[PDB]
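Just one chain is shown here, as structure tokens, and it is the form deposited in one PDB entry.
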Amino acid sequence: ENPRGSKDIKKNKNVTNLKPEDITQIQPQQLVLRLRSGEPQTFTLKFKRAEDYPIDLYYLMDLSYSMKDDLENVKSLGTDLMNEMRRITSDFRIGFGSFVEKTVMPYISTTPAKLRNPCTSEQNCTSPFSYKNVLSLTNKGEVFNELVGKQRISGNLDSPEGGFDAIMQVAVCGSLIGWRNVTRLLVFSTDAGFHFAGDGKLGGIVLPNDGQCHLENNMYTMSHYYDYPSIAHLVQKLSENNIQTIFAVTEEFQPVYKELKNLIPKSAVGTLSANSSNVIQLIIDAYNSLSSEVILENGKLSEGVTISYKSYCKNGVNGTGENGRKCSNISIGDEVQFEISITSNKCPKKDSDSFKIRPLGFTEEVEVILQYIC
């Protein structure tokens, strides 16, 4: 007398050899695992990189006075970056947002004179704002140029800036931003540090960011009421909305953003040059590294259930532990294999529960049904 664990595959449509919602990159898509406690099950996933999807690129720019000269090179980005990425895709959409800081003390001055011109009176700075969605995602590249050229610099008091409030809003206000179900790149270009959760106590803001949308007239209305997001909050909302993040920061702060990049799963970081001269090349190099890389991630597992990952990439690279969730140097059309060993220890739930496996940046998901035998 001995019941044993089993595997069987329910949905196994082959990888595609053509809109992105119809393209298949991972197979099998659904399977059922019969688990006896202590015994592992082991299925393999095949990933084949499809040809480049369309691209929605949102440019979220630090708009402090240190960034004034940077505007004139980004002011031509709409047409330039589209012509520069024809090779990758001709279905390109671009948008623009801008941020400075929370509008309370001590992060800014609130004296009426500084509340209308935070910088020195010579400089014609506008009043400070938290986050403004200037131009929602569109292919009107020339419209991006005209609007960015018309954008007004401003400033604040302390050097670390509240870009985290803007990222959260960009990630979770999809209906206002206009994210399509395609490649979502979020470029975050600053030249200063960042505030994070817990810093808001100095401004009288202790309530944690609620991860909801609070844009009215394309401006963030509640930077006074919610703390800065935690990194965990940002990672949760960023990945849940398939936002691949590109940190274009200056060399002075690139160490902290390389550390931040390592905490965010689908993120690259490049070093911004002097006047944002090299940001077109910076993006496509960051795009080349994000698109030529696949990282799986699984949903919430009932406790008692272990999951292992082992990867087999091009040129014999074999990853284990948490690096078995990832493969790199993968070109278009390349295929790589993942081995997923999951183990249960209890008879935890009475009936079947399912979680899902997905590559980051895509809406594609592998559904894995779990059945415990007992």
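All residue numbers are counted from 1 along the displayed sequence. Definition used throughout: the rigid core is the maximal C-alpha set that superposes within 1.5 Å between two forms.
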item: 135-143 or 77-85, whichever carries the higher mean Cα B-factor; value: 77-85
item: Selected stretch [higher average CA B-factor]: 168-176 or 111-119; value: 111-119
item: Most elevated Cα B-factor in the entry, residues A286, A274, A248, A197; value: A274
item: Entry-reported Cα temperature factor of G163, expressed as the chain third it lands in; value: lowest
item: Record-listed C-alpha B factor of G299: chain third; value: highest
item: Third of chain Cα B-factors occupied by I280; value: middle
item: Relative C-alpha B-factor of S64, binned into the chain's lowest, middle or highest third; value: lowest
item: Third assignment of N17 from its chain's C-alpha B-factors; value: highest
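One more form of this protein, deposited in another entry, exists but is not displayed; see below.
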query: Identity of the moved residue from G178, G193, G304, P208, C-alpha shift 2 angstroms or more, core fit between the shown form and the other one; finding: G304
query: Per-residue C-alpha change between the shown form and the other one, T343, threshold 2 Å, rigid core fit; finding: yes
query: Residue shift check between the shown form and the other one, rigid core fit, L35 Cα at least 2 Å; finding: yes
query: Core-aligned CA displacement of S328 at least 2 Å between the shown form and the other one; finding: no
